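A short worksheet on the structure shown next.
Throughout, a chain's letter reflects where its sequence line sits, starting with A, and its residues are numbered from 1.
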2 protein chains.
Amino acid sequence: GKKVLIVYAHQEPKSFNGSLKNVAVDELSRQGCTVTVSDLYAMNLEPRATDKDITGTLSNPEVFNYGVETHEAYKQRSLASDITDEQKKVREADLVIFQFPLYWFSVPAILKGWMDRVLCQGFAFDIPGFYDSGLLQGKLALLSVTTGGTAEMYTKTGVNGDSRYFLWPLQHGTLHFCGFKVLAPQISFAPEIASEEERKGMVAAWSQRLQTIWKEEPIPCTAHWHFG
Amino acid sequence: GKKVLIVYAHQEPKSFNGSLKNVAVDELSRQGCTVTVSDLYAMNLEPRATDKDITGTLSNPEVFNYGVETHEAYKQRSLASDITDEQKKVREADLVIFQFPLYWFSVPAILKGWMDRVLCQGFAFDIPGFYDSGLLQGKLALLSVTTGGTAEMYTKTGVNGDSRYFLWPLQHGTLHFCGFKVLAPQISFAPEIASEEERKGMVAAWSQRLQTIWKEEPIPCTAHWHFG
Ligand SMILES: Cc1cc2nc3c(=O)[nH]c(=O)nc-3n(C[C@H](O)[C@H](O)[C@H](O)COP(=O)(O)OP(=O)(O)OC[C@H]3O[C@@H](n4cnc5c(N)ncnc54)[C@H](O)[C@@H]3O)c2cc1C
Ligand SMILES: Cc1cc2nc3c(=O)[nH]c(=O)nc-3n(C[C@H](O)[C@H](O)[C@H](O)COP(=O)(O)OP(=O)(O)OC[C@H]3O[C@@H](n4cnc5c(N)ncnc54)[C@H](O)[C@@H]3O)c2cc1C
Ligand SMILES: CC1(COc2ccc3c(c2)ncn3-c2ccc3cccc(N4CCC(N)CC4)c3n2)COC1
Ligand SMILES: CC1(COc2ccc3c(c2)ncn3-c2ccc3cccc(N4CCC(N)CC4)c3n2)COC1
Ligand SMILES: [Zn+2]
Ligand SMILES: [Zn+2]
């Protein structure tokens, strides 16, 4: 069998993002996959990296060190329940799909917070123990991104540069760092200015792609892919 | 006269980041600059983009569109006061310094949320009115970033690749997009493994740089600079 986690970051269920998430649930479920959705806004996910992320502290340390404390907390199974619930979903997933609108050439802050807090030292990677040696090796990940800008704007000659450029910290610095193999991104450009028919086509294209997702080869998640 | 805003994202006042922020306040204050610090964790800054960002009644209360609602709220002077307070500090600043530890090759989520929520359409940019025509034109911005990884790890052939690569979404996609001129980044590598005196040297180097900050030329914030 195959298990899929969709990490979804949009406020509005009727949005284009919400439609992309729903068609992924519907297609993957039809195939007989196990599917789970983390709807970050609906969960009111905490994005801040704070001492609340470590449970069971009787007396605060004089000096708070988020990196040291969360690494230790992971090993002691004393992370906050929201984090460990997400970690269980990741641990079990064969494929993690991130569904989000592009915000400032990156993920919305609530999703950045999921990355910062969930993908902790000892769980997702170790030092050393990263990139191909990351702890989530054997899993796949995919970014499904929507944009304001058109595909042409996101070319090397366009004002926003190649779309691949902004993908580097996400695909490579985050997903590959943790040991994921990365499937090619699904970028749905400029739905807001698209016709109704074009919008429906972008949704259908995603659904169609998912029919054969388990047959895809990952990208070579290298500097050449992103910048060459 | 000159006005400086430091947008600071670290949980711990005794941290290396805290020392870099404090030396910036000390040196810029000595020069006679007006200095303000936004201590995001101390302020418990909201990172999530939600309908709480608009005060009062929404334009469309049935289907929530963050971009539309915040642009209209900006125009109607109906944004939440945390956002408007930040916008006043930015509007008045000649230089905005971001002081943060690198988190997943980007800003911590709390700082990402500052960018997402404060730099709204109508305030920071318009369409048209972006890149060099952005609404924060005539201002400078600087990233002062600390890392886990060493300088060697941040070369083209190093394990994490060139540091410039992941600066793109921040420098270009955010700061240049809003009209800032970008000063060369201050990257303080691997303080945690440095000796005490090496750390003191990195703090002194930052203070020294600030002495002559107003004499610096911006970088050419191009794809070529980041990836060539
Ligand atoms: C803080 C912030 C930062 C941003 N930064 C960037 C950036 O760096 N770069 C960039 O390019 N953009 C940026 N944007 C723009 C943002 O990426 C886009 O607005 C977003 O991707 C649009 O997706 P959506 O789901 O919100 O669209 P929606 O407005 O929800 O969708 C568009 C239309 O599709 C309709 N729709 C929904 N489902 C379907 C369906 N099944 N079939 C047909 N139509 C359907 C909706 O009803 C709607 O009319 C930013 C936006 C914000 C708020
Ligand atoms: C979620 C997360 C994601 C991360 N992602 C990345 C990543 O993508 N890439 C990467 O390279 N790193 C990453 N890191 C590592 C992170 O960037 C570093 O741990 C951080 O930059 C270290 O800065 P600090 O201020 O926390 O250090 P500290 O631990 O505060 O500094 C070291 C020491 O300096 C001391 N000190 C303070 N002031 C002074 C002074 N004036 N003189 C001398 N010593 C002083 C302190 O007391 C402390 O003992 C990540 C960390 C986390 C938690
Ligand atoms: C020119 C066209 C539109 O291209 C675009 C739009 C947004 C683009 C873009 C290219 N590159 C970047 N951003 C950004 C960047 C930051 C934003 C911070 C807040 C809000 C934004 N949005 C909200 C939605 C609104 N419709 C546009 C501004 C933002 N957008 C119309 O077809 C392409
Ligand atoms: C090998 C050396 C250390 O290099 C490094 C460290 C972290 C590096 C790195 C190079 N590239 C990336 N990251 C990351 C990435 C994500 C992280 C998500 C959560 C926590 C992290 N930190 C917390 C602090 C801890 N000391 C290290 C892991 C993270 N770090 C020791 O001198 C260089
Ligand atoms: Zn990679
Ligand atoms: Zn630029």
Side-chain angles (χ1 to χ4, degrees), chain A residues 62-65, chain B residues 1-45 81-102 107-108 110-111 113-115 117-119 123-124 135-147 167 170-171 174-175 178-189 191-192 194 196-219:
Chain A
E62 23 285 295
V63 173
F64 181 62
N65 186 311
Chain B
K2 298 295 185 172
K3 299 184 182 182
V4 182
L5 171 66
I6 305 166
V7 185
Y8 166 71
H10 198 289
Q11 310 91 343
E12 173 51 58
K14 293 189 205 146
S15 66
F16 183 78
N17 270 267
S19 292
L20 292 173
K21 178 265 292 180
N22 291 333
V23 84
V25 174
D26 291 343
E27 168 57 30
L28 294 167
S29 283
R30 183 196 72 70
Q31 289 173 30
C33 299
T34 297
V35 185
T36 309
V37 180
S38 291
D39 181 345
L40 301 190
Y41 289 102
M43 292 159 61
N44 199 34
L45 188 90
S81 70
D82 64 328
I83 295 169
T84 65
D85 288 348
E86 296 308 292
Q87 293 181 340
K88 181 179 166 71
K89 299 167 195 180
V90 172
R91 177 178 295 110
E92 299 184 351
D94 300 296
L95 169 67
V96 182
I97 297 167
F98 298 87
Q99 180 61 244
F100 60 97
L102 195 64
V107 291
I110 198 173
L111 177 51
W114 187 98
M115 293 162 167
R117 296 174 70 242
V118 173
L119 303 175
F123 173 66
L135 300 180
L136 305 182
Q137 65 182 66
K139 300 184 188 301
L140 295 163
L142 194 150
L143 306 175
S144 178
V145 47
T146 64
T147 68
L167 293 174
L170 302 171
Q171 294 188 152
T174 310
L175 301 176
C178 294
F180 287 101
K181 287 292 192 186
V182 177
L183 297 180
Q186 186 71 13
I187 308 178
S188 300
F189 294 102
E192 292 162 286
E196 183 163 79
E197 292 288 323
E198 286 184 298
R199 295 193 297 263
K200 287 177 62 188
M202 283 193 276
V203 174
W206 178 225
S207 186
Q208 172 65 48
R209 181 171 176 199
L210 290 174
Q211 292 177 17
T212 56
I213 201 73
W214 306 107
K215 303 279 191 147
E216 291 188 17
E217 299 289 0
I219 71 170

Any chance you could measure [X], atom [atom1], to [Y], atom [atom2], to the nearest 0.5 Å?
X: B:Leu167; Y: B:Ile187; atom1: CG; atom2: CD1; value: 5.5 Å
X: B:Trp206; Y: B:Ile97; atom1: CH2; atom2: CD1; value: 4.5 Å
X: B:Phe100; Y: B:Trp114; atom1: CZ; atom2: CH2; value: 12.0 Å
X: B:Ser144; Y: B:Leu183; atom1: OG; atom2: CG; value: 11.5 Å
X: B:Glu27; Y: B:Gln208; atom1: CD; atom2: CD; value: 8.0 Å
X: B:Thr146; Y: B:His10; atom1: OG1; atom2: NE2; value: 6.5 Å

Under a 4.5 Å cut-off applied to non-hydrogen side-chain atoms, are [X] and [Y] in contact?
X: B:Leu142; Y: B:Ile213; result: yes
X: B:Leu170; Y: B:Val145; result: no
X: B:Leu135; Y: B:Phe123; result: no
X: B:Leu95; Y: B:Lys2; result: no
X: B:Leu136; Y: B:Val96; result: no
X: B:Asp85; Y: B:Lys88; result: no
X: B:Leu5; Y: B:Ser38; result: yes

Q: Answer yes when B:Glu196 and B:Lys200 have at least one side-chain N-carboxylate O distance shorter than 4.0 Å, and no when they do not.
A: no
Q. Between B:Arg117 and B:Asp82, does at least one N-O distance fall below 4.0 Å, as a salt bridge requires?
A. yes
Q: Check whether any side-chain N or O of B:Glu216 sits under 3.5 Å from a backbone N or O of B:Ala184 as a donor-acceptor pair, and report yes or no.
A: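 A pair under 3.5 Å: no.
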Q. Taking the side chain from B:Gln99 and the backbone from B:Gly18, do they hold a donor-acceptor pair closer than 3.5 Å?
A.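 No; judged by distance alone, with no hydrogens or angles, the pair does not exist.
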Minimum heavy-atom separation for [X] and [Y], please, with both atom names.
X: B:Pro108; Y: B:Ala9; result: CG-O, 4.2 Å
X: B:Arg209; Y: B:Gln186; result: NH1-OE1, 3.0 Å
X: B:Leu40; Y: B:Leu111; result: CD1-CA, 3.8 Å
X: A:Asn65; Y: B:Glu192; result: ND2-OE2, 4.3 Å
X: B:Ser188; Y: B:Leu20; result: OG-CD1, 3.9 Å
X: A:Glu62; Y: B:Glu12; result: O-OE1, 4.0 Å

**Q.** Atom NZ of B:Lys139: over 12 foreign heavy atoms under 6.0 Å
**A.** yes
